[PDB]
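Step one of this worksheet: look at the structure below.
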Amino acid sequence: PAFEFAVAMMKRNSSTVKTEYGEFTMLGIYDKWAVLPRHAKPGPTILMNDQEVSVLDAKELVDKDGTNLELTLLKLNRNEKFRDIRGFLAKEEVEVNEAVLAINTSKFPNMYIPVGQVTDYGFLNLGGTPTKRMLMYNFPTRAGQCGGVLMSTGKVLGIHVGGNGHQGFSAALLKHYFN
(Lines give C-alpha, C1' and ligand atoms only; values in the text may rest on other atoms or scores of the structure.)
Protein backbone atom coordinates (compact mmCIF):
# COMPACT_ATOMS: atom_id res chain seq x y z
CA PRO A 1 0.00 0.00 0.00
CA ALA A 2 3.05 2.26 0.36
CA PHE A 3 3.47 2.43 -3.46
CA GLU A 4 -0.09 3.70 -4.02
CA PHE A 5 0.41 6.26 -1.26
CA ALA A 6 3.74 7.32 -2.74
CA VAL A 7 2.35 7.77 -6.25
CA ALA A 8 -0.42 10.07 -5.01
CA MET A 9 2.03 12.06 -2.87
CA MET A 10 4.42 12.63 -5.78
CA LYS A 11 1.63 13.64 -8.18
CA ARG A 12 0.22 16.24 -5.75
CA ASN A 13 3.30 17.66 -3.94
CA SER A 14 6.55 16.89 -5.93
CA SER A 15 8.31 18.66 -8.81
CA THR A 16 11.64 18.61 -10.65
CA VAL A 17 14.04 21.46 -9.79
CA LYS A 18 17.20 22.62 -11.54
CA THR A 19 19.78 24.80 -9.72
CA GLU A 20 23.32 25.66 -10.83
CA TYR A 21 24.34 22.56 -8.80
CA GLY A 22 22.14 20.00 -10.58
CA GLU A 23 18.67 18.51 -10.93
CA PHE A 24 16.70 17.40 -7.87
CA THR A 25 13.34 16.16 -6.70
CA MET A 26 11.56 18.90 -4.64
CA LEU A 27 8.72 18.28 -2.14
CA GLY A 28 6.17 20.98 -1.33
CA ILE A 29 5.08 20.92 2.33
CA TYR A 30 2.41 23.60 2.89
CA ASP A 31 1.46 27.11 1.65
CA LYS A 32 4.44 28.29 -0.50
CA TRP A 33 7.10 26.30 1.43
CA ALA A 34 9.08 23.39 -0.14
CA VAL A 35 12.26 21.43 0.75
CA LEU A 36 15.44 20.52 -1.12
CA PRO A 37 18.74 18.86 -0.04
CA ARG A 38 21.06 21.59 1.26
CA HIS A 39 23.67 20.78 -1.42
CA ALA A 40 21.29 21.93 -4.13
CA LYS A 41 22.27 25.48 -3.08
CA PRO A 42 19.26 27.22 -4.71
CA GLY A 43 19.84 30.81 -5.68
CA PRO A 44 17.37 33.72 -6.04
CA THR A 45 15.58 31.84 -8.80
CA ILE A 46 15.14 28.13 -9.56
CA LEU A 47 13.75 26.18 -12.51
CA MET A 48 10.67 24.31 -11.28
CA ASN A 49 9.23 21.98 -13.97
CA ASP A 50 11.22 24.12 -16.44
CA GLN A 51 9.63 27.41 -15.28
CA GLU A 52 11.58 30.20 -13.64
CA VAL A 53 10.38 30.66 -10.07
CA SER A 54 11.67 33.34 -7.69
CA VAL A 55 12.67 32.32 -4.18
CA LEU A 56 11.23 34.68 -1.57
CA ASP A 57 13.10 33.15 1.41
CA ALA A 58 15.48 30.29 2.10
CA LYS A 59 16.55 28.63 5.33
CA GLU A 60 19.40 26.08 5.75
CA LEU A 61 18.30 23.97 8.68
CA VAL A 62 20.62 23.28 11.64
CA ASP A 63 20.02 21.82 15.12
CA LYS A 64 20.37 23.72 18.41
CA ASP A 65 24.18 23.34 18.32
CA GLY A 66 24.41 24.57 14.74
CA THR A 67 24.95 21.02 13.39
CA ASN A 68 24.00 20.41 9.73
CA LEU A 69 20.67 18.74 8.90
CA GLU A 70 21.23 18.81 5.09
CA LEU A 71 17.82 20.46 4.41
CA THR A 72 16.98 23.80 2.79
CA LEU A 73 13.47 25.20 3.12
CA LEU A 74 12.49 27.61 0.36
CA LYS A 75 9.42 29.86 0.02
CA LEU A 76 8.25 30.21 -3.57
CA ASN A 77 6.77 33.09 -5.58
CA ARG A 78 3.79 31.28 -7.08
CA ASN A 79 0.01 31.63 -6.78
CA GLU A 80 -0.93 28.02 -5.99
CA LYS A 81 -0.57 26.61 -2.47
CA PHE A 82 0.86 23.19 -1.78
CA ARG A 83 -1.48 20.63 -0.31
CA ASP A 84 -0.62 20.69 3.42
CA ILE A 85 1.24 17.40 4.23
CA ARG A 86 2.42 18.35 7.74
CA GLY A 87 0.06 15.69 9.20
CA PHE A 88 2.18 13.00 7.41
CA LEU A 89 5.41 14.19 9.12
CA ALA A 90 6.50 12.66 12.39
CA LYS A 91 7.62 14.59 15.46
CA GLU A 92 10.71 12.36 15.72
CA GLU A 93 12.77 10.07 13.45
CA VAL A 94 10.73 7.06 12.18
CA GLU A 95 12.06 3.50 11.77
CA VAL A 96 10.06 1.19 9.46
CA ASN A 97 10.47 -2.33 8.04
CA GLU A 98 9.47 -1.38 4.49
CA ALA A 99 9.82 1.97 2.76
CA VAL A 100 9.61 3.32 -0.79
CA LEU A 101 11.96 5.98 -2.25
CA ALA A 102 10.29 8.07 -5.01
CA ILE A 103 12.23 10.06 -7.63
CA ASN A 104 11.02 12.76 -10.06
CA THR A 105 13.84 13.90 -12.44
CA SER A 106 14.74 13.90 -16.17
CA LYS A 107 17.20 11.03 -15.46
CA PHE A 108 14.75 9.09 -13.18
CA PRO A 109 11.21 10.04 -14.42
CA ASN A 110 8.54 8.78 -12.01
CA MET A 111 10.49 5.90 -10.40
CA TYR A 112 9.72 4.06 -7.17
CA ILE A 113 12.27 1.93 -5.30
CA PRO A 114 11.44 -0.48 -2.45
CA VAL A 115 14.44 0.10 -0.11
CA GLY A 116 13.48 -2.19 2.76
CA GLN A 117 14.26 -1.43 6.41
CA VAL A 118 14.96 2.18 7.48
CA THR A 119 17.05 2.81 10.60
CA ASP A 120 17.61 5.87 12.71
CA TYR A 121 21.31 5.98 11.89
CA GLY A 122 22.22 9.22 13.74
CA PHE A 123 25.34 11.13 12.78
CA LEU A 124 27.10 10.83 9.46
CA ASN A 125 30.07 12.68 8.08
CA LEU A 126 28.38 13.54 4.78
CA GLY A 127 30.70 15.08 2.21
CA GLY A 128 33.04 16.27 4.99
CA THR A 129 30.16 17.87 6.99
CA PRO A 130 29.00 16.31 10.30
CA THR A 131 25.24 15.76 9.76
CA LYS A 132 22.50 14.62 12.16
CA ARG A 133 19.09 13.00 11.93
CA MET A 134 20.06 10.60 9.10
CA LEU A 135 17.78 7.74 8.11
CA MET A 136 19.66 4.77 6.51
CA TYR A 137 18.62 2.10 4.04
CA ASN A 138 20.32 -0.45 1.77
CA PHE A 139 20.80 1.32 -1.64
CA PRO A 140 23.08 0.24 -4.54
CA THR A 141 24.65 2.87 -6.76
CA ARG A 142 24.28 6.66 -6.78
CA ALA A 143 23.69 9.69 -9.03
CA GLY A 144 20.50 11.82 -9.39
CA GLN A 145 18.24 10.61 -6.53
CA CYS A 146 18.82 13.55 -4.20
CA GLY A 147 15.58 15.11 -3.20
CA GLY A 148 13.91 11.68 -3.62
CA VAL A 149 11.07 11.29 -1.13
CA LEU A 150 11.24 8.45 1.46
CA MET A 151 7.79 7.13 2.45
CA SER A 152 5.97 4.29 4.10
CA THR A 153 2.20 3.72 4.18
CA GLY A 154 0.71 7.06 5.33
CA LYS A 155 4.06 8.57 6.36
CA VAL A 156 6.51 10.99 4.73
CA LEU A 157 9.83 10.01 6.47
CA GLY A 158 12.57 12.09 4.82
CA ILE A 159 14.43 13.51 1.76
CA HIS A 160 17.27 11.54 0.09
CA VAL A 161 20.51 13.51 0.58
CA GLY A 162 23.36 11.10 -0.22
CA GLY A 163 24.94 7.66 -0.21
CA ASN A 164 28.19 5.69 -0.05
CA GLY A 165 27.59 3.34 -3.05
CA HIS A 166 25.94 0.68 -0.91
CA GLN A 167 23.74 2.55 1.61
CA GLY A 168 21.50 5.57 1.10
CA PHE A 169 20.66 8.33 3.61
CA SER A 170 17.66 10.62 4.05
CA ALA A 171 17.33 13.74 6.21
CA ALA A 172 14.35 13.14 8.51
CA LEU A 173 11.44 15.49 7.84
CA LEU A 174 10.15 16.52 11.23
CA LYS A 175 7.01 18.40 12.08
CA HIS A 176 8.69 21.17 14.07
CA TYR A 177 10.69 22.39 11.05
CA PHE A 178 7.39 23.72 9.54
CA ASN A 179 5.58 25.21 12.68
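By order of appearance in the C-alpha coordinates: chains A, B, ..., then residues from 1 within every chain, and ligands from 1 in the order shown.
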
Each residue of stretch 89-140 of chain A lying at most 7 Å from stretch 152-173 of chain A should get a row with its shortest atom-to-atom pair and the distance in Å to one decimal, counting only C-alpha atoms; could you produce that, ordered by chain and increasing number, as JSON lines?
{"residue": "A:89", "atom": "CA", "partner": "A:156", "partner_atom": "CA", "distance": 5.5}
{"residue": "A:93", "atom": "CA", "partner": "A:172", "partner_atom": "CA", "distance": 6.0}
{"residue": "A:94", "atom": "CA", "partner": "A:157", "partner_atom": "CA", "distance": 6.5}
{"residue": "A:98", "atom": "CA", "partner": "A:152", "partner_atom": "CA", "distance": 6.7}
{"residue": "A:99", "atom": "CA", "partner": "A:152", "partner_atom": "CA", "distance": 4.7}
{"residue": "A:100", "atom": "CA", "partner": "A:152", "partner_atom": "CA", "distance": 6.2}
{"residue": "A:133", "atom": "CA", "partner": "A:172", "partner_atom": "CA", "distance": 5.8}
{"residue": "A:134", "atom": "CA", "partner": "A:171", "partner_atom": "CA", "distance": 5.1}
{"residue": "A:135", "atom": "CA", "partner": "A:170", "partner_atom": "CA", "distance": 5.0}
{"residue": "A:136", "atom": "CA", "partner": "A:169", "partner_atom": "CA", "distance": 4.7}
{"residue": "A:137", "atom": "CA", "partner": "A:168", "partner_atom": "CA", "distance": 5.4}
{"residue": "A:138", "atom": "CA", "partner": "A:167", "partner_atom": "CA", "distance": 4.6}
{"residue": "A:139", "atom": "CA", "partner": "A:167", "partner_atom": "CA", "distance": 4.6}
{"residue": "A:140", "atom": "CA", "partner": "A:166", "partner_atom": "CA", "distance": 4.6}

Exercise: residue A:75 partners within 8 Å, only C-alpha atoms, chain neighbours under 2 positions left out, as number ranges by chain: A: 32-34, 55-58, 73, 77

Could you pull out the alpha helix (DSSP H) residues of chain A, going by DSSP on the backbone, and write them as a PDB file with N, CA and C atoms, in the first residue's frame?
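Result file is part_18.pdb:
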ATOM      1  N   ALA A   2       2.154   1.115   0.305  1.00  0.00           N
ATOM      2  CA  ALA A   2       3.051   2.262   0.358  1.00  0.00           C
ATOM      3  C   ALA A   2       3.314   2.797  -1.041  1.00  0.00           C
ATOM      4  N   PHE A   3       3.359   1.939  -2.077  1.00  0.00           N
ATOM      5  CA  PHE A   3       3.473   2.428  -3.457  1.00  0.00           C
ATOM      6  C   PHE A   3       2.302   3.332  -3.889  1.00  0.00           C
ATOM      7  N   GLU A   4       1.070   2.871  -3.660  1.00  0.00           N
ATOM      8  CA  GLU A   4      -0.088   3.699  -4.022  1.00  0.00           C
ATOM      9  C   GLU A   4      -0.079   5.066  -3.323  1.00  0.00           C
ATOM     10  N   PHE A   5       0.222   5.036  -2.021  1.00  0.00           N
ATOM     11  CA  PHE A   5       0.415   6.257  -1.256  1.00  0.00           C
ATOM     12  C   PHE A   5       1.453   7.164  -1.908  1.00  0.00           C
ATOM     13  N   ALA A   6       2.627   6.572  -2.192  1.00  0.00           N
ATOM     14  CA  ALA A   6       3.737   7.319  -2.741  1.00  0.00           C
ATOM     15  C   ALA A   6       3.371   7.971  -4.072  1.00  0.00           C
ATOM     16  N   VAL A   7       2.668   7.238  -4.933  1.00  0.00           N
ATOM     17  CA  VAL A   7       2.348   7.773  -6.251  1.00  0.00           C
ATOM     18  C   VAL A   7       1.472   9.021  -6.100  1.00  0.00           C
ATOM     19  N   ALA A   8       0.481   8.945  -5.204  1.00  0.00           N
ATOM     20  CA  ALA A   8      -0.423  10.065  -5.007  1.00  0.00           C
ATOM     21  C   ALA A   8       0.287  11.285  -4.406  1.00  0.00           C
ATOM     22  N   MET A   9       1.244  11.026  -3.503  1.00  0.00           N
ATOM     23  CA  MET A   9       2.026  12.062  -2.875  1.00  0.00           C
ATOM     24  C   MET A   9       2.913  12.772  -3.907  1.00  0.00           C
ATOM     25  N   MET A  10       3.565  11.994  -4.772  1.00  0.00           N
ATOM     26  CA  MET A  10       4.424  12.629  -5.784  1.00  0.00           C
ATOM     27  C   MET A  10       3.595  13.448  -6.778  1.00  0.00           C
ATOM     28  N   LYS A  11       2.456  12.916  -7.210  1.00  0.00           N
ATOM     29  CA  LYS A  11       1.627  13.642  -8.182  1.00  0.00           C
ATOM     30  C   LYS A  11       1.200  15.007  -7.613  1.00  0.00           C
ATOM     31  N   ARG A  12       0.764  15.036  -6.347  1.00  0.00           N
ATOM     32  CA  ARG A  12       0.217  16.244  -5.747  1.00  0.00           C
ATOM     33  C   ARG A  12       1.268  17.247  -5.269  1.00  0.00           C
ATOM     34  N   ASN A  13       2.411  16.787  -4.728  1.00  0.00           N
ATOM     35  CA  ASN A  13       3.304  17.659  -3.940  1.00  0.00           C
ATOM     36  C   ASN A  13       4.745  17.765  -4.500  1.00  0.00           C
TER      37      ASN A  13
END

Write out as a PDB file with N, CA, C and O atoms, in the first residue's frame each polymer residue whose atoms come within 9 Å of residue A:87, counting only C-alpha atoms; drop sequence neighbours fewer than 3 positions from it.
ATOM      1  N   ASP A  84      -1.327  20.741   2.126  1.00  0.00           N
ATOM      2  CA  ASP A  84      -0.617  20.688   3.418  1.00  0.00           C
ATOM      3  C   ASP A  84      -0.358  19.237   3.826  1.00  0.00           C
ATOM      4  O   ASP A  84      -1.302  18.497   4.107  1.00  0.00           O
ATOM      5  N   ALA A  90       6.325  12.991  11.001  1.00  0.00           N
ATOM      6  CA  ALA A  90       6.496  12.657  12.390  1.00  0.00           C
ATOM      7  C   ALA A  90       7.127  13.776  13.203  1.00  0.00           C
ATOM      8  O   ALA A  90       7.714  14.723  12.670  1.00  0.00           O
ATOM      9  N   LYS A 155       3.029   7.761   5.730  1.00  0.00           N
ATOM     10  CA  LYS A 155       4.059   8.573   6.364  1.00  0.00           C
ATOM     11  C   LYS A 155       5.035   9.111   5.315  1.00  0.00           C
ATOM     12  O   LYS A 155       5.465   8.350   4.463  1.00  0.00           O
ATOM     13  N   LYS A 175       8.099  17.457  12.006  1.00  0.00           N
ATOM     14  CA  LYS A 175       7.009  18.399  12.077  1.00  0.00           C
ATOM     15  C   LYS A 175       7.483  19.788  12.506  1.00  0.00           C
ATOM     16  O   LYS A 175       7.036  20.803  11.928  1.00  0.00           O
TER      17      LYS A 175
END

Residues of stretch 15-163 of chain A in strand (DSSP E or B), written as a PyMOL selection string: chain A and resi 15-19+22-31+33-37+45-48+51-62+68-76+82+90+96-103+111-126+129-138+149-152+155-163

Which neighbours of residue A:72 fall inside 10 Å, counting only C-alpha atoms, when residues of the same chain fewer than 4 positions from it are skipped, and could you give them as JSON, numbers by chain? {"A": [34, 35, 36, 37, 38, 39, 40, 41, 42, 58, 59, 60, 61, 62]}

Hey, which of A:1, A:179, A:110, A:74 ends up closest to residue A:151? Count only C-alpha atoms.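 Nearest candidate to residue A:151 out of A:1, A:179, A:110, A:74: A:1.
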